[PDB]
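What follows is a short report on a single structure.
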Amino acid sequence: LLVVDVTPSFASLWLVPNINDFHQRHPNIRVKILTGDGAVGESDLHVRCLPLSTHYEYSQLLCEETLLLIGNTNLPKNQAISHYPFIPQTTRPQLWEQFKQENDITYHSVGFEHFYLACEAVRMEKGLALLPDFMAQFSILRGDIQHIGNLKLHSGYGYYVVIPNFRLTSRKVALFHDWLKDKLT
Amino acid sequence: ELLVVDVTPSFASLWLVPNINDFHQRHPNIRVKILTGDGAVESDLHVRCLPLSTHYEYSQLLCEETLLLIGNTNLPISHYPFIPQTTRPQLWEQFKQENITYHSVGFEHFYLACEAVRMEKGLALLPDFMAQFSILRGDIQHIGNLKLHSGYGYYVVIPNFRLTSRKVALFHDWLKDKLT
């Protein structure tokens with residue numbers, strides 16, 4: 001048994017869609033998926049979203065965070081973008097301010113802590129959201145949401161694998177980590 | 001005004017996000033921030049899922065939990081794996097007492113079980129009100145009209161500093177209107 005602890009949205013928007021491929025590779029390893037977004041005993045490996053840095057401590061960068069502009073599949077295909085409400089993500093308020101800077105507003109009246117909630121709000125046609133590319137990928141593929149106007153944002157964040165010191169030589173952990181690296185480099 | 005609510009991860013995505021526009025229809029001036037949590041009860045109002053009890057001090061029962069048997073929209077039940085939810089290790093046995101082979105992954109949260117169903121990983125048990133819109137929009141389906149009264153309930157907790165707060169009372173009244 002491998003216990004992994006990953007962000008609430010990393011879990012539903014990427015890991016659950018992709019984990020079948022890990023099980024194809026290593027059928028003998030059952031996985032318990034926990035969720036969390038705070039500071040990093042129960043889990044064997046964590047995935048967290050942190051400002052890009054070299055000074056974190058048993059960690060390895062999986063991938064830099066690149067956000068896509070997403071909207072409902074009903075939206076038609078420059079700054080007609082401004083006609084739609086922007087969905088606030090309350091943990092990441094700089095994102096829309098940065099977007100206003102990558103380019104160029106009414107904010108939707110509900111703000112959300114997590115990407116997966118913002119994604120659900122886009123499915124509810126409440127406005128546009130910024131979602132990490134790898135998280136949007138399956139949802140776009142299956143027709144839940146669409147990428148609006150090929151617009152993106154480099155946020156200055158990354159997804160890191162963080163491993164408890166005693167797990168640094170655990171085989172199950174190194175196998176999952178290598179798998180993550182393979183899919184998300 | 002801003003109202004901050006703290007509800008379970010799945011209550012948020014599977015019910016509150018699809019429904020909250022009805023609240024704004026009633027009260028368009030009240031902005032909302034939706035936080036998620038599932039531990040012991042910052043926020044103006046909490047929704048938690050607890051075993052049914054009449055001994056809670058200041059928790060108000062919103063609705064009892066009725067779980068539906070859920071599968072993917074392309075299901076035409078023994079042939080399918082059951083998706084385990086680790087915080088509720090008894091549920092499948094207990095479902096099976098009304099009338100084996102679990103999936104090799106996860107989860108503590110309903111919203112993860114729901115995604116697993118979408119990923120064709122097996123069958124899940126999901127609260128009826130949480131399944132409702134996902135069923136409507138064709139993400140999932142209810143299998144065989146099968147259900148389970150789980151013994152849990154959804155409780156609203158109003159913190160002691162919000163006891164006279166209009167925005168909190170309005171939101172609570174709305175929840176009761178929709179779910180009780």
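What is reported rests on the model, the rules as stated and the sources as named; no laboratory instrument gave them. When we count neighbours, we look across all protein chains shown, and the Cβ atoms used for this are built from the backbone with ideal geometry, even at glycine.
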Practice problem: State yes or no: is A:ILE29 within 10 Å of chain B (Cβ to nearest Cβ), assigned to a loop (DSSP other than H, G, I, E, B) and closer than 27 Å to B:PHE110 by Cα? | Solution: yes
Quiz item: In region B:76-103, what residues are part of a loop (DSSP other than H, G, I, E, B), of a type outside the set (D, E, K, R) and away from every other protein chain (no Cβ under 14 Å)?
Solution: B:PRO76, B:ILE77, B:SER78, B:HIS79, B:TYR80, B:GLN90, B:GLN97, B:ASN99, B:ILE100
Practice problem: Exactly one condition in (1) among the β-branched types (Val, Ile, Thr); (2) touching a helix residue (DSSP H, G or I) at 6+ places or on another chain (Cβ under 8 Å); (3) under 18 Å from B:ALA12 (Cα atoms) is not met by B:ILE70; state its number. | Solution: (3)
Quiz item: Can you tell me which residue in region B:119-154 is surrounded by the most Cβ atoms within 10 Å (Cβ to Cβ), limited to those that are more than 15 Å from the chain's Cα centre (by Cα) and part of a strand (DSSP E or B)?
Solution: B:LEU123
Self-check item: Subset tally (residues that are out of contact with any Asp or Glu (no Cβ under 7 Å at 6 or more places or on another chain) and under 18 Å from B:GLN94 (Cα atoms)) for region B:109-134
Solution: 8
Quiz item: Would you say A:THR91 is surrounded by fewer than 21 Cβ atoms within 10 Å (Cβ to Cβ), closer than 15 Å to A:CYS49 by Cα, over 13 Å from the mean Cα position of the chain (by Cα) and hydroxyl-bearing (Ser, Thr, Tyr)?
Solution: yes
Exercise. Please work out which one of (1) out of contact with any strand residue (DSSP E or B) (no Cβ under 8 Å at 6 or more places or on another chain); (2) buried (at least 16 other Cβ atoms within 10 Å of the Cβ) is the condition A:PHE10 fails and give its number.
Key: (1)
Quiz item: Pick from region B:32-45 the residues that are under 21 Å from B:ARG88 (Cα atoms) and within 12 Å of another protein chain (Cβ to nearest Cβ): which of them is surrounded by the fewest Cβ atoms within 10 Å (Cβ to Cβ)?
Solution: B:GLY39
Quiz item: Would a scan of region A:46-62 turn up a residue that is within 13 Å of another protein chain (Cβ to nearest Cβ), surrounded by 11 or more Cβ atoms within 10 Å (Cβ to Cβ) and in a loop (DSSP other than H, G, I, E, B)?
Solution: no
Quiz item: Residues in region A:104-116: is at least one surrounded by fewer than 19 Cβ atoms within 10 Å (Cβ to Cβ), β-branched (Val, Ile, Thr) and either in contact with a helix residue (DSSP H, G or I) (Cβ under 8 Å, 6 or more places away or on another chain) or not in a helix (DSSP H, G or I) (or both)?
Solution: yes
Quiz item: Can you tell which of B:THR101, B:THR73 is farther than 20 Å from A:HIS26 by Cα and not assigned by CATH to the domain that holds B:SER10?
Solution: B:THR73
Exercise. Identify all residues within region B:1-26 that are hydrophobic (A, V, I, L, M, F, W, C) and part of a strand (DSSP E or B); write none if there are none.
Key: B:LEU2, B:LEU3, B:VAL4, B:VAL5, B:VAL7
Self-check item: Search result, residues across region A:135-154 that are within 14 Å of chain B (Cβ to nearest Cβ) and farther than 19 Å from A:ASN20 by Cβ
Solution: A:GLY143, A:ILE145
